[PDB]
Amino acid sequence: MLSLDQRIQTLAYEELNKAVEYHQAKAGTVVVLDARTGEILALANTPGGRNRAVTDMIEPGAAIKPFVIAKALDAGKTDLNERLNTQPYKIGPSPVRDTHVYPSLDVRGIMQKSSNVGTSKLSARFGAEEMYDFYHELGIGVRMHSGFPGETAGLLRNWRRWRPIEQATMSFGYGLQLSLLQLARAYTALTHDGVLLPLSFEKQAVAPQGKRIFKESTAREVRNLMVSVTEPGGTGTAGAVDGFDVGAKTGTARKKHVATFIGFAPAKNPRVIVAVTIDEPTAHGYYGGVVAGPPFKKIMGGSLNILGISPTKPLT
């Protein structure tokens, strides 16, 4: 039988539409996954021309940063105590900067404040070929074979053509591309304790055999870091869900802007992944947290409710 949950599908499409209209956007997409099995619970596109979750590739922006941070932790290139100099810099003429100047951040801060500088410095501790293989094993550039026509493979440029500035910008999500379904898939490596799942349109009695990408301890620490994104001081507080700890990342691509919000809950033992992108918002903000956060919040909270997941902390 199909994995789609019609209750979540309806909830996803309605909230997506509210957001796209309210922000006077061109389009929008939602993916909802079972965080433990990878089955696809919901897939919503508006307007309903094509399956943009599968056909349209986007630059993930900051939504890629957790994987770089996870890889740096996993390989022992950093730890939870290091404070990195996160002053903006240039490589040749090209700047690498954050929205604010943070003189130093630890890894939690790099996640919480979404530091392009900190993430690029962690990525630079790896060679281009290593980082290329890592992005490829996350599935970037690898077709999903979903069976929808026009399905995209995404874009992963051959590592031999990378300039050093390009490795840096890929680490915070520019210069590589993937569909929203590919991005949601990558997040199963974080929610399923380091094991990337293949995804499925059929119900899974047990989590299928995946592929380990991170140690379990790495994945668990990274999930805890991502909760700071939705707590005060983080960039994605608009995606907080009452009664739950939500690990998330928010991002803004450039096209004009594409606002993205992706997250999972309960963060400690995830049940659901919700990924929202809003194409070309023109009203009431353009950042991922402001535009895609609110629909994420509604779709996640409703999905947890529909699925009978009780809150882990008192409601406020």
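In case it trips you up, residue 1 is the first one in the sequence shown, and so on.
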item: Where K268 meets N269 in the shown sequence, the number of deposited residues left unmodelled; value: none
item: Stretch with the greater mean C-alpha B-factor as recorded in the entry, comparing 246-254 against 28-36; value: 246-254
item: Segment of higher mean CA temperature factor, 276-284 or 52-60; value: 276-284
item: Position of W162 among the chain's modelled residues by C-alpha B-factor, lowest, middle or highest third; value: middle
item: Lowest, middle or highest third - CA B-factor, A75; value: middle
item: Chain-relative CA temperature factor third for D98; value: middle
item: Where the record places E151 (Cα B-factor, split into thirds across the chain); value: middle
item: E82 CA temperature factor, ranked by third within the chain; value: highest
